[PDB]
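K.L.:
quick one: initial chain(s) of a complex, as found there:
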Amino acid sequence: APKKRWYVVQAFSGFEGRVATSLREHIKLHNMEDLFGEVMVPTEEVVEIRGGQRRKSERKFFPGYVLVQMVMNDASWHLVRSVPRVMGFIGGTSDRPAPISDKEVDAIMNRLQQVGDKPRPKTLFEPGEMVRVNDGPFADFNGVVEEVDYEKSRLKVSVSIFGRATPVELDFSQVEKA
Amino acid sequence: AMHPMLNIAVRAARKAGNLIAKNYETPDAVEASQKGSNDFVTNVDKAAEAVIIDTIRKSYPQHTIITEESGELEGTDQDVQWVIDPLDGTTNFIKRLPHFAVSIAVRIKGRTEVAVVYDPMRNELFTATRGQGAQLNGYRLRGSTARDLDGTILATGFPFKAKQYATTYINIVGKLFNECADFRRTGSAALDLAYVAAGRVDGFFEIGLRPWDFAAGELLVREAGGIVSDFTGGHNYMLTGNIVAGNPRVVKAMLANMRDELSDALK
Amino acid sequence: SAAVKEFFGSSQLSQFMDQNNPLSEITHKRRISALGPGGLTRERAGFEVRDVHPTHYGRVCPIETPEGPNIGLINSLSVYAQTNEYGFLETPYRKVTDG
């Protein structure tokens, strides 16, 4: 029972998804829907719904690479390499590939599961950094993030109100640089 | 901008130093007790350490803390450490000698990232963050641009806890007095390191220093053009506690001069 | 467009016309070079190539050539000279019968 161990191929700058599409099309060409079973390009989503970039942004686990679930045969080797725009394999010595190990496989699988379950706003704030305020009521203020929050997502922030410092609950959208 | 953890650390050090100054003008409130060799430790140490720990936990309830008194308080996390000395030169604060400082540095993955020392008597605030440098009250710090062991000033410390090396130490100093101009001795490792990074003294060296007595100054002298090492050119100074520091030329000259006078126990 | 325009505009061969004199214009239009893509360069030219070959008679002028680092590389095509159907340099000649 030789399982189709996963493998990785080095794509170009920003053609990974297109490379995967064309690879599936080459599969449908050569009918190798068995050997080239799975092909995956992971991603992430940072959701900052205000302040320029609006409502979402797409990242990648690791750019330039594409993941496949091929097998090891010289024919399939070329069939992977005989696609529009890919560099060689990424693994052992060239012409003798090596598989991404099953431990790393399940690791990246869990990462993919976590990023697919919860679309979560990244580009967070770290406790103790100064920052301006783009809020209406508190326009052109600046204070230090006294305590950060993620699910509540409302940035307990100390700032000079009536003299002494006071903590406020200015939400993410009302937070400027850093 | 300003490094976040650096801002928290400098606020905490400011509060601790204000408490220090408050305890200073009252030669009555200090109620010390002897713990080591020819030095006390005061209640003020405990008060300042408490203030620092509390201010840190306010904005960081999980970071690991390190202190001469509380040893190592392992927070729920163990990659972000805060090495703290609420007082460097407690001997001086006993005699109310106005030369001491509070010291706070942060280690990430074992690498010191931010560091501050604070002299409340002159209101001097040596800050330093990795990859951005060291500042004295808003001025950059480049260390003494001296290029040789001539005319230099050498800050040092006498090992009042490990006086066995004294003789050897003496010889070292003696040898150094053949070339250097003058020495300096303030009984405050952190402020010695700062002055080195401040370009006020052109080199510092000490035999057997405590880990939390340089972990803040060492980043200062690093990002102020200077380098640090042990007495044999290696990086084990964090364990041996044997420190030399200063601009590369003077450090190289000192090491070349001391290669012989030193003892095999130290190397 | 990119290929054809980068060729006609920025070529090792194409260059602004030597248009300061009618004779200069002509001799720069009917000028034969040995450099360029697929052609040798002045560094690796070799003292052998530059010299006129006894077959240059009538097919390429032997007297006009820029003096200096590229002698014999740049050549002026003869007056009556004319390219062949394949691309060689055919020269006219008067047919002589028996006598």
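P.N.:
Received the coordinates, thanks. Residues are numbered from 1 along each chain as shown, chains lettered A, B, ... in the order given.
K.L.:
with adjacent residues omitted, what lies nearest to residue B:53?
P.N.:
Sequence neighbours aside, residue B:65 is the residue nearest to residue B:53 in space, at 6.2 Å (criterion: C-beta to C-beta, 6 or more residues apart in numbering or on different chains). For every residue, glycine as well, the C-beta is placed using N, CA and C.
K.L.:
in stretch B:182-196, what counts as buried?
P.N.:
Neighbour counts over stretch B:182-196 (16 or more other C-beta atoms under 10 Å in any protein chain shown) mark B:184, B:186-196 as buried.
K.L.:
and those residues, which two are furthest apart?
P.N.:
B:187 and B:196 (15.5 Å; C-beta to C-beta).
K.L.:
sorry, back to before: doesn't the residue nearest to residue B:53 belong to a strand?
P.N.:
Yes: counting by DSSP: H, G, I helix; E, B strand; the rest coil, residue B:65 is part of a strand.
K.L.:
can you give me the strands in chain C?
P.N.:
C:31-32, C:75-76, C:82-83, C:89-90 (DSSP state E).
K.L.:
look up how far residue B:190 lies from the closest residue to residue C:39 other than its chain neighbours.
P.N.:
With sequence-adjacent residues excluded and distances taken as C-beta to C-beta, 6+ apart, residue C:39 is closest to residue C:33, at 7.4 Å. Using C-beta to C-beta, to the nearest Å, residue C:33 is found at 75 Å from residue B:190.
K.L.:
repeat that for residue C:31.
P.N.:
Taking C-beta to C-beta as the measure, residue C:31 falls 79 Å from residue B:190.
K.L.:
for residue C:18, same thing?
P.N.:
Distance of residue C:18 to residue B:190, given as C-beta to C-beta: 76 Å.
K.L.:
equivalent analysis for residue C:34, please.
P.N.:
In terms of C-beta to C-beta, residue C:34 sits 76 Å off from residue B:190.
K.L.:
cool, residue A:76 as well?
P.N.:
In this view, residue A:76 and residue B:190 are 64 Å apart by C-beta to C-beta.
K.L.:
convert stretch C:36-44 to PDB, retaining C-alpha atoms only.
P.N.:
Only the C-alpha atoms of stretch C:36-44 are listed here, as PDB (Å, rounded to 0.1, in the frame of the first residue of the first chain):
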ATOM      1  CA  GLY C  36      25.900  42.700 -33.400                       C
ATOM      2  CA  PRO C  37      23.800  39.700 -32.300                       C
ATOM      3  CA  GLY C  38      25.100  36.500 -33.800                       C
ATOM      4  CA  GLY C  39      28.300  38.400 -34.800                       C
ATOM      5  CA  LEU C  40      31.700  38.600 -33.200                       C
ATOM      6  CA  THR C  41      32.700  41.500 -31.000                       C
ATOM      7  CA  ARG C  42      35.700  43.900 -31.100                       C
ATOM      8  CA  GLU C  43      37.300  42.200 -28.100                       C
ATOM      9  CA  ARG C  44      37.600  38.700 -29.600                       C
END
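K.L.:
here is RNA strand D, add it in:
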RNA sequence: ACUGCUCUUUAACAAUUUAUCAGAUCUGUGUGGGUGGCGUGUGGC
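P.N.:
Putting RNA strand D together with the chains above:
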């Protein structure tokens, strides 16, 4: 329909152990400050 039935007359304090006799200066805006890097080609000598 069916727990609830006065508790009795506005805050309840910190500073605190040598040492004391209280024990010279409110001026400016004189002055300057406010194309090029590389590559290639072409020629010339």
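K.L.:
which residues of the stretch 101-250 of chain B fall in helices?
P.N.:
Assigned by DSSP state H, counting those that start in this stretch, the helices in the stretch 101-250 of chain B fall at B:166-177, B:189-198, B:217-223, B:237-240, B:248-261.
K.L.:
also chain A?
P.N.:
Assigned by DSSP state H, the helices in chain A fall at A:16-30, A:74-81, A:102-117.
K.L.:
pull out the buried positions in the second one.
P.N.:
Applying a neighbour-count criterion of 16+ other C-beta under 10 Å, one finds A:76-77, A:79-80 buried in helix A:74-81.
K.L.:
who does that helix touch, helix- and strand-wise?
P.N.:
helix A:16-30 (3 or more C-beta pairs under 8 Å, 6 or more residues apart in numbering or on different chains; DSSP states H and E).
K.L.:
one step back: tell me the two of the buried residues of helix A:74-81 that are most distant?
P.N.:
For the buried residues of helix A:74-81, the maximum inter-member distance is 7.2 Å, found between A:77 and A:79 (C-beta to C-beta).
K.L.:
hmm, back to that, please render the helices of the stretch 101-250 of chain B as TSV that adds distance to RNA strand D to the earlier fields.
P.N.:
Listed next are these as TSV, based on distance: least, C-beta to the nearest atom of the strand, whole Å:
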stretch	distance to RNA strand D
helix B:166-177	37
helix B:189-198	28
helix B:217-223	31
helix B:237-240	43
helix B:248-261	32
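K.L.:
and the residue nearest to the spatial centre of chain C, how far from residue C:46?
P.N.:
By C-alpha atoms, centre = their mean, chain C has its centre lying nearest to residue C:32, at 1.1 Å. Taking C-beta to C-beta as the measure, residue C:32 falls 18 Å from residue C:46.
K.L.:
one more: residue A:52?
P.N.:
Counting by C-beta to C-beta, the separation of residue A:52 from residue C:46 is 63 Å.
K.L.:
just residue A:58 next, same as before
P.N.:
In terms of C-beta to C-beta, residue A:58 sits 59 Å off from residue C:46.
K.L.:
with residue C:15 instead?
P.N.:
Taking C-beta to C-beta as the measure, residue C:15 falls 24 Å from residue C:46.
K.L.:
can you check residue A:60 too?
P.N.:
Here the criterion is C-beta to C-beta. By it, residue A:60 lies 54 Å from residue C:46.
K.L.:
look at the two and report which has more neighbours.
P.N.:
Comparing residue A:60 with residue C:46 by other C-beta atoms under 10 Å in any protein chain shown, the one with more neighbours is residue A:60, at 14 against 8.
K.L.:
so who does the more buried one touch?
P.N.:
Going by C-beta atoms under 8 Å, 6 or more residues apart in numbering or on different chains, residue A:60 touches A:16, A:41-44.
K.L.:
include this sequence as DNA strand E:
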DNA sequence: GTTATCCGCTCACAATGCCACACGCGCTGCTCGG
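P.N.:
Putting DNA strand E onto the chains we already have gives this:
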């Protein structure tokens, strides 16, 4: 067989000085943008 010996194989590394003139100098489909 091995140990030192030698001979062809492949790669690094140099190509006068100036002057003048000319020309050009990423991009591109993904990304930030309304």
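K.L.:
I figured the residue nearest to the centre of chain C hits residue C:77, correct?
P.N.:
Yes: when contacts are counted by C-beta atoms under 8 Å, residue C:32 is listed as touching residue C:77 (5.0 Å).
K.L.:
the closest residue to residue C:58 other than its chain neighbours: how many residues sit nearby?
P.N.:
Closest residue in space to residue C:58, ignoring its immediate chain neighbours: residue C:91 at 4.0 Å, by C-beta to C-beta, 6+ apart. Residues lying near residue C:91 (other C-beta under 10 Å) number 14.
K.L.:
residue B:83 contacts residue B:66, doesn't it?
P.N.:
Yes: counting by C-beta under 8 Å, residue B:83 does reach residue B:66; the two are 4.7 Å apart.
K.L.:
find residues that contact each of those two.
P.N.:
Shared contacts of residue B:83 and residue B:66 (C-beta under 8 Å, 6+ apart): B:211-212.
K.L.:
quick one: which of the two has more around it?
P.N.:
Neighbours per residue (other C-beta under 10 Å) separate residue B:83 from residue B:66, with residue B:83 holding more: 23 against 19.
K.L.:
please name every helix or strand in contact with whichever strand or helix holds that one.
P.N.:
Assigned by DSSP states H and E, residue B:83 belongs to strand B:80-88. Taking 3+ C-beta pairs under 8 Å, 6+ apart as contact, the helices and strands that strand B:80-88 lies on are helix B:4-24, helix B:43-59, strand B:64-67, strand B:101-108, helix B:189-198.
K.L.:
rerun that using 6 Å as the cut-off
P.N.:
Applying 3 or more C-beta pairs under 6 Å, 6 or more residues apart in numbering or on different chains; DSSP states H and E, we find strand B:80-88 packed against helix B:43-59, strand B:64-67, strand B:101-108.
K.L.:
chain A contacts on chain B?
P.N.:
For chain B, the residues in contact with chain A (C-beta under 6 Å from any C-beta of the partner chain) are B:1, B:4-5, B:7-8, B:59.
K.L.:
let's see if you can find the most crowded of those residues.
P.N.:
Each of these was scored for neighbours by other C-beta under 10 Å, and residue B:8 scores highest at 26 neighbours.
K.L.:
close to DNA strand E, is stretch C:22-31?
P.N.:
No: judged by C-beta under 7 Å from any atom of the strand, stretch C:22-31 stays clear of DNA strand E, getting no closer than 14.7 Å.
K.L.:
list the buried residues in that stretch.
P.N.:
Quick answer for stretch C:22-31 (16+ other C-beta under 10 Å): residue C:28.
K.L.:
now do stretch C:80-98
P.N.:
Buried residues in stretch C:80-98, counted by 16+ other C-beta under 10 Å: C:81, C:89.
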